[PDB]
Every structure is written in structure tokens, then in C-alpha cells.
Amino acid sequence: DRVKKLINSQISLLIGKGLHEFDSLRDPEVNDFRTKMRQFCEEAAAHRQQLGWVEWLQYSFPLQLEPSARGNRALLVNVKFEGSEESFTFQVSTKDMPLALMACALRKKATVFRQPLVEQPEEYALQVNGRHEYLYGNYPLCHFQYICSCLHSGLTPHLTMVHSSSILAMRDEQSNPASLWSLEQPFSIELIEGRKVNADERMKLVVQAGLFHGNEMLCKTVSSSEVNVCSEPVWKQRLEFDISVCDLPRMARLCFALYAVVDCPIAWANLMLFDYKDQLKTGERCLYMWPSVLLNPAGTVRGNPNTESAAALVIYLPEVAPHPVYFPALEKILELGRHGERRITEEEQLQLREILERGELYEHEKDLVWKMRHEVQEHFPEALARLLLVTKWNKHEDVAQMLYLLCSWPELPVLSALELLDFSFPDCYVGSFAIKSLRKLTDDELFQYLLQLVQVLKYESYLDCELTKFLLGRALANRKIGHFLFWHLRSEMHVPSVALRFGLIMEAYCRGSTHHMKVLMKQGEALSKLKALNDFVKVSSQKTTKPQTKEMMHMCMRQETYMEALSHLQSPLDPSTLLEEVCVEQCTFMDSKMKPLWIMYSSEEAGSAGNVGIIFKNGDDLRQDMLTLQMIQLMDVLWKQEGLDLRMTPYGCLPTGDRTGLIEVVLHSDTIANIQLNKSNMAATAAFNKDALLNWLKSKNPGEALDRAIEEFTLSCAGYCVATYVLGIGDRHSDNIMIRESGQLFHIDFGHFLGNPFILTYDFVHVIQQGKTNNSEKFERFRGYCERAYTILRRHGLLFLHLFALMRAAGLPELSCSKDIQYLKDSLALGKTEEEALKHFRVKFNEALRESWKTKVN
């Protein structure tokens, strides 16, 4: 068909890789993934096209509820009907439900239009004006993020009554167009030769090889003989490992590291010993090596695609049987593991309960955990991860006994399942068990952990896996999940080790949602133009003055192709945000090294809410910033769930390509540095520089509004002081700290975290203290907020630990080792009691106060 060919070229363009490149590999694993996932995704699309209209609102506009609502007060609301300039302003309560508000608008419609209407409130949903956001369901208005936000900002909610027939037309418009255990011999390989090797001719070449199950060795590593440096080294030697073929676990990976010795690391290469169809591999393998920056078990098990430049290692996997050998089926494993013995002292049960509730163990402690594995399943099922780490993955009988217990193991909480996704648990049955326990994740929880789940994909041994199918199914059932899954994958297509896997997932996704593919192409077309616009700005800035470059940026944006590409798109930062008309006159660029673009938009339909900005940045890697901001947002969720609103500003930050991304503009905000410039002929010009922030807050908040802004400042300062301490955010100064006109303080530009002490600044203490030198009442109230926020985070310490552990897959320079995670373990003081950790925090807080006073003395 002409339409299939067009769809194929549109996917190719969108994902940044031609679909022809998949077919060219002539790889059956690739082929099977493509066919199986295309079928799975098209079935999701057909189920979606028949959804009921409210179910379709749930798919396309999932509810944005307050964290406190998850699991009184007077309010004015403006309500219009779709395709009508006319609106109605009425007084409702924060405790009222959307239905009462809709019944109220329909009664008004009936009186104004003089008709006794047939119209029932059950046939409508409320759209947030000029946003892809809807208010529906049995929730009081205050439970909706949009209404809650309006209440605190003092703004009036603007809502549109949309009929079921209009929602159904949206659904329709958006349719897809019409035996191993017998093999006792030791595992061995033949190391044949190397190709395209570059090293000092005075040195020698050695290949180190190890067998791994995740991070753990299956046996001691074996090294080759030292052979003279040359571009084509020849070994033709047998390397024998101390493990029987029968004992190779299903997820066994053979890892190689080529290096030069007089140590000069050259390259590395890994492979699974069983293929995707569970067949033990035999015959020759040409392994295109990755350059080393010595064994790398966590590294990808797929060869370097740069076959022209990559060093190659040629090996031979011997034919261990006259017929193909497959890893035993679950039925055979369960049959073998079924048999075992079960019987300890009451005093020993106390030692077991002690260690299973305690996390490194001594050999005798591991032996008691393994002996007592049945009691682990029956009375401590949440200690599965500990049992799994003591299992001898290099003994096929122990693995069968572990797997037998795993198959009757009760489902575990979401938190436990997050830990099981760690690279430390490489077994496919454990991986499948972790996903089974993660299926109960709500869309809000999934959204919060999506970044980490995408990183887990880089640890996967095969293309078709339970995690990919889970992520695809959830993405096809929730458009906002689909949106962020697409962007997390797309932003890494320039990385050769993930481009194949990520490309295949986005293709499969596009098969499941042809309409969303076009919505995403429109976003990619805007980003392409921003990149070209930024390129022009960067060059024009190096030659002429800012007013000239700004007028030329504006002239370029005014071109028909720019006006069209940059307008009428869903924001990549938030698909609920519509970026309607680009406001060229208000667009500019920043003076920092990369000259980031400052893009403003307006929307008549949304009114003041359609006034939104985006920052486009090309040249810096935005992944660490996004992680930092998502961890700050998680803190805000956890605080809100305990009734603590610290008035944080978790603005959007999204990498979209190679050193490319967007940052959400927080309007009505300025840097501490700009405020402290203490410029003349301004409202905030102070007698003392310490008065500058308070005078700025007083100018934006006259009379009675001042008290609320100081409170907003105090709460957010407490939230950011705790956030930066726990996350080890350093390099903090007046140009990367901002303040909203509301009084809310927030941080920007998180280039450094995890320590790569607690901080209190005098200018800020002055605001908290309402401009008084001595105000211990206000200061200690601020200290109370800090301690409460800190104690709440500590209680969820394991969630942060598990999420950061998954993030080690990302390849962030400040999150490479366990030493980086030590900062988190220490900042949260998880080894201590709540009393001891609070004692430690008070010492670090009191220290920051004495450090702050070295500025108060002046």
C-alpha cells in the first residue's frame, strides 16, 4: 500500500533511523521482535479505537490529581461551552464535584437560551481552557491539580463544557488508518584471532575472559598468553573455565577485555552463551569490540555497529553435543527444584529474623539464609532479594531449588520490585517476577519511575523482554506515558549501543499509534527549526550586538516555514501544555556560552494560561538536570502525601537529542543575582544590600500580601535546603537560585550533585526573619520545616536508593560507581535510628548556621 510506505518513511524520520537499516542486519532476533511487537501494539490500537468516551478521556487526558488525593472554601469558576465566546462566572465550593459545576452551567445555559434542556451533566467533561487537560470523575474540585494551583495563585479557573459527541469525534479522528544438565565437561572456548588492533608495538596483547551472572563471577577469570602487538594478533588457543557446561545459568554472559602490557586497556566485548530462543551457542563468533574508557559485565551484549573501525575478536564456541542444546524448560526446572530438605533451634530462628530484617553478610550468615530458604518464602517473603544474592547461580541444582520457590513466591510491594530490577538480579524468571509485582503501579507511580525503567532496558540481555512489553502496553494505554517513553528513547538515538533497541521500541510504539506519531513529528519539526535558529543565533552573537542578533532571530522566525513549524504543537515538556502562537517579539536568547533560546507563546483560547515559555538548549547534556528535578518532584510528592506543601517549583526539563533539550520557563521569576544587583531608579533599591530581596518581595506583594510571600519563601527555602543537602547539590550561587513574585525560591542549573555540607545564607535568613536581626520564632519555625521535610525523606530512603541504583545504567559521570551512591546513603543516614539521624542533621544544620554567621558578623 501507498499509505504503509508513507507511514514507514514517517517512522524512519521520527525515530532518526531508517527502517531499511533493521532489515539490512538480517538478524532473526530483530525480525521476531519487530513482528511480535507490531502485532501486540496494533491489538492495543484496535482496543483503543472502541473505548467508551470517558475511557478515551482517561487514555488521552489522564487525570492530574493532587498527591494527597491519590490512593470548606469558596471558589469562583468561569465556564463556557465549546464553540461559544460567552462565559458564566459562578461561586462553587472547593468540596464540590465536577458534576455539580456542570449541572450549574447547564441550568445557566437553559435559562440564557430559554429552553428546558434535555442535556444531563453526565454527557460532559470540563476541559482546562487551551490545555489538553480535563476535569472529570468523582473528586472534589480541590483534588484536581489545576484547581488547587488556582487557589494558591489566587487565579480564577477557566473551564470549557465539552460534550461526549465532541470527545468521540476526537477518538475517531485519531484512528490508525484501515539435555544441558548431562553435559558435565568444563566450559571452554577457542580464542582464534584479533583484527584492527591499535597499541604500542613495544607492548604485548592479552585477552582476559570471565563468566558472569550479572555482577557476580561464575568462576575465576582466565587470561590468554601474552602475544606480540600487531593489528591482526593470532592466539588459536583454548581457554578453559572452572564451571561445568551443565551449570551455566540461563543468563550467563561471557565477557572479554583486550589490553596491552609491558596496563593499557584497548577494548571489551560481551555475549550471552544462550541465544534468545534458549539455545546454547556453538560455532565461530566475530565480536566487534567497544573501546575501553578491566572486564565490563554490565556492558551491552551486542557488538559494536562500527564494524569498519572497531577492533574485532574471533572466538569459537565448541559443539558440546551432536544435536542443538536448549536451556531446560520451566517444567524440568520445577521438577528438579521440587525435591529438597526443610529444621533449626528457636535461638537460630532469632539469628535468621535478625539478618532478614537488618546489607552485606558473612559466609555462615549466607549459609543459614540458604538452609532456611523455605521459611524465607513463608514468613519473610519481602527478603527474596537477600535469598537471591546468597543463591549459588553457578550450581544448576541450587538454581532449580531457588526457582521452585520463586514460582510460588507471593507478589511483593512495588518498592521491593524496584530493587529486583537491579542488574544484581539478572535471572529472567526473577526479571519476569519483578514485572509481575510492578503491574499494580498506578499511571502516576509509573510516570514518576519511567526514567529509571527506561535505563533498565540498557541492562537487558535480549530485545524481546517482559520490561519492553510492559512499557509498551502501558504507553499505548496512557498517551502521557507514551509521550515520555518516546522522548526518553528518542533522546538517546545518537548512542550506538542503544540505538537499535530504542529504535525498534519507537517503531513498535508508532505501529500502535499512528496519530500520536504525527503529533510527535510536529514536535520534532519544531525542534529541528530551533536547532537551526540556535545555530544562527550562536554565529550572529559572535560578530554583532545583542539588539541586532535579536532582530535577526526575529526576522528568521517571521519566515513562513518558521512560523508554521514552531506554532500549534504539544509541548515536549508536558503534552497537556499547548504551544499555540509563537510570540516572536518576546523571543530572545540568553548570554551564557550556548546562547540558549527563550521562546514565548500565547493562546487566545487559554487567555493568561496560554502564555508559556520554553528554553531550547543545544550544547549541554541535560540528563543530570532532568534526574535532579525529577528527584526534587518526588520529594514534593512524598512531602505532600504527609500533608506538607513546601511550595516547590519542579519545572520541566527534557533531553530531546544529542546535547539538546528543553527547559520550562517559570514566568514572573528572577535570579537572586539580578535582584541583588540593587539597581538605582527601582522599587527595591536598598540602604543595605541585605534589604534588596525583602524590598523586591515588598514591591511584588503590597500591604497584606507581604506575609504570604515571606511564608512561601520560608517553606520553599526549607524544601530546597533539604533537597540540595540530600542530593549533594553544590556550586550554589545567586545566578543559579531564582525567586518567583509569589515569594517561592527555587534552584536552577543542576550541573553537579552527590557531592561532586548543609547550606544557610544570611540574605535568606533576613527574609525568613521578616527583616529583623533577631527573630528566633520565625527562624526556628524554618528549622522545624527542614527537620520535618528531612525525616519524611528518610522514611522513603530505600525508594531513593533503589531509583538511583537503577540510574547507574544511564552513564552519568557523577553516577558511575557505588561511591556516588554513598553520598545518598550518608545524606539520608539510613544505617542510623531516626533519633541519631535527626541528631546528625541538627549538627549539620547548626554547622551551616555558624557558617552563615561568618557573614552576619560583617
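Sequential numbering from 1, following the sequence displayed. So that the term is clear: the rigid core is the largest set of C-alpha atoms that superpose within 1.5 Å between two forms.
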query	finding
Stretch with larger C-alpha RMS deviation in 9 other deposited structures of this protein, core superposed, 186-194 versus 227-235	227-235
Core-aligned Cα RMS comparison in 9 other deposited structures of this protein - stretch that moves more, 78-86 or 698-706	78-86
Gap at residue 130 across at least one third of the other PDB entries	no
Residue 808 unmodelled in at least a third of other compared entries	no
Deposited-sequence gap flanked by residue 342 and residue 343	1 to 3
Residues with no coordinates between residue 118 and residue 119, taken from the deposited sequence as a class	none
Stretch with the higher entry mean CA B-factor, where the candidates are 98-106 and 709-717	98-106
186-194 versus 483-491 - which carries the larger mean C-alpha B factor in the record	186-194
Candidate residues 570, 304, 244, 641, the one whose C-alpha B factor the record puts highest	244
Selection by C-alpha B-factor (highest) of 723, 178, 170, 477	178
B-factor third for the C-alpha atom of residue 747 within its chain	lowest
Lowest, middle or highest third - CA B-factor, residue 43	middle
B-factor third for the C-alpha atom of residue 849 within its chain	highest
Chain-wide C-alpha B factor ranking for residue 324, given as lowest, middle or highest third	highest
Third of chain Cα B-factors occupied by residue 68	highest
